[PDB]
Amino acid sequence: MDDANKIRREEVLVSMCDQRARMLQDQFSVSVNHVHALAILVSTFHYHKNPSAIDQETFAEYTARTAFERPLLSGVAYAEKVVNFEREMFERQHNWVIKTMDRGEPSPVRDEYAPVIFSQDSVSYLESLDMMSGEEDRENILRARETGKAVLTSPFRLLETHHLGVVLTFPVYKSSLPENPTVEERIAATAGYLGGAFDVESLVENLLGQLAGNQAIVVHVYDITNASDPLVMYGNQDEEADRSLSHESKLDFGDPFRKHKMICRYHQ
């Protein structure tokens, strides 16, 4: 109970919160970059090479051995764009039917689909599921292919684990993509999508929980894309925290469509 000591109390909170935000942003950046490399891998070794060098076995092995490159990812997978006119051909060739992600049932007729054809074993349950059959994933797929850049979903409960997380999606294009393409051209040139599951609930808890002073601090991360409807990305909420003092640390996960922030308070 001292006014000089309270100034230092906030100083320590500022430093602790800022450090954790920097660690999170940096680890997400490293993960995004390594997912970009996988999109280029699929383009180079599956599409450009005649014949393809990538089968499910090969993708699984390579992504397992490189999992350390993608620290905030529980899994990565590649989904191919399939238009309805092609669906029966695609299914016959793969010897399986495109399924919905909610129940694993055969998909109803849709204009197009994004079935997962390659998966890291950690997310093997994605194989044959249509990634356009979840709304977060669908919206991400469209924005990925229309913008040509990595995009993030809003926070949602991931398949199987139900862990609160986000998905990162990169488009993969055909060689026919023109230089300086329009959005219409990007869509026409889309081959598929490289998706990575950021299991924030588990993997950020793992990151934060090992840090000295973790027991002293409450850390929440919000998606603040919509100012009037902030969305919990990480943290309880929802917790015994010091109401009288907080700090906002900045986060940039690199998708200009989305905005996020970190808020830290002391327990007591």
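The term rigid core refers to the maximal set of C-alpha atoms that superpose within 1.5 Å between the two forms. Each residue number is its position in the shown sequence, starting from 1.
- Farther from the shown form on average, by C-alpha root mean square after a core fit in 6 other deposited structures of this protein, is 208 to 216, of the stretches 208 to 216 and 33 to 41.
- Among the other PDB entries of this protein that were compared and that flank it with modelled residues, residue 223 is modelled in all, so it is never left out in a third of them.
- Gaps at residue 237 occur in at least a third of the other compared entries of the protein that contain both adjacent residues.
- Relative to its counterpart among 77 to 85 and 119 to 127, 119 to 127 has the higher mean temperature factor, C-alpha atoms as listed in the PDB entry.
- The PDB entry records a higher mean C-alpha B factor for 159 to 167 than for its counterpart among 159 to 167 and 191 to 199.
- Set against one another, the Cα B-factors of 64, 217, 38, 53 in the record reach their highest point at 217.
- Highest CA B-factor among the listed residues (33, 27, 236, 44): 236.
- Remark: residue 48 belongs to the lowest third of its chain, ranked by C-alpha B-factor as recorded.
- For residue 112, the recorded CA temperature factor ranks within the lowest third of the chain's modelled residues.
- Placement of the Cα temperature factor of residue 103 within the chain: highest third of the modelled residues, per the deposited record.
- Among the modelled residues of its chain, residue 153 has a C-alpha B-factor that falls in the middle third, as given in the PDB entry.
- Compared with the other modelled residues of the chain, the Cα B-factor recorded for residue 185 ranks in the lowest third.
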